[PDB]
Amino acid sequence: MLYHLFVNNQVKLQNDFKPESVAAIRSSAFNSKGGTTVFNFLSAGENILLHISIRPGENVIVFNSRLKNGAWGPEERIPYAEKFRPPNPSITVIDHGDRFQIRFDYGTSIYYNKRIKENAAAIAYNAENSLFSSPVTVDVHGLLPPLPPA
């Protein structure tokens, strides 16, 4: 399923993002002078199951969760440098049941253990000066599709 996720807006998944689900987010730009950019996987109740805060002007990428209302739990950060590849950077999220696997364009996958027991019913994209394009292309799979040779 293909969705066009607009900045500071969101898309409702026609199907729950759950174990086996694969979400491939791709950007057609990558704005160097851009700042903090966020992607959130939302439960039906709109709790932030997976929060991805890309902070260029701070060389860090923060991963967290929190009830829509609640405060933020412990952060799980990793360096920002050498993660994305211009001009078409991307972010791939996979639901492995007990944790999320997140991959950028370079480096090893980041594994984020689930903290909130709910499937994602939507994906939000927030940014005041996004590092990416608006919208960003988003393909969501129910399962891992047959892979090409390269």
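For clarity, a rigid core is taken as the largest C-alpha set superposing within 1.5 Å between two forms. Residue indices: 1-based, along the sequence shown.
Do you reckon 64 to 72 or 80 to 88 strays further from the shown form in 4 other deposited structures of this protein, measuring C-alpha RMS after a core fit? With the rigid core fitted, 64 to 72 is the stretch that strays more in 4 other deposited structures of this protein.
Which is higher in the entry, the mean Cα B factor of 97 to 105 or that of 32 to 40? Per the PDB record, 32 to 40.
Between 116 to 124 and 64 to 72 (mean CA B-factor, as deposited), the higher: 64 to 72 has the higher mean C-alpha B-factor.
Take the CA temperature factors straight from the PDB entry and tell me which of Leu5, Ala150, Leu2, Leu144 peaks. Of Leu5, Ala150, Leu2, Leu144, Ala150 has the highest C-alpha B-factor.
Largest Cα B-factor, entry values, listed residues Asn129, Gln10, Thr137, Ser21: The record points to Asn129.
Select lowest, middle or highest to describe the third in which the CA B-factor of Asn59 falls within its chain in this entry. Tercile = highest for this residue's CA B-factor.
If you rank the chain by CA B-factor, which third does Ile52 end up in: lowest, middle or highest? As the PDB entry reports it, the C-alpha B-factor of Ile52 lands in the middle third of its chain.
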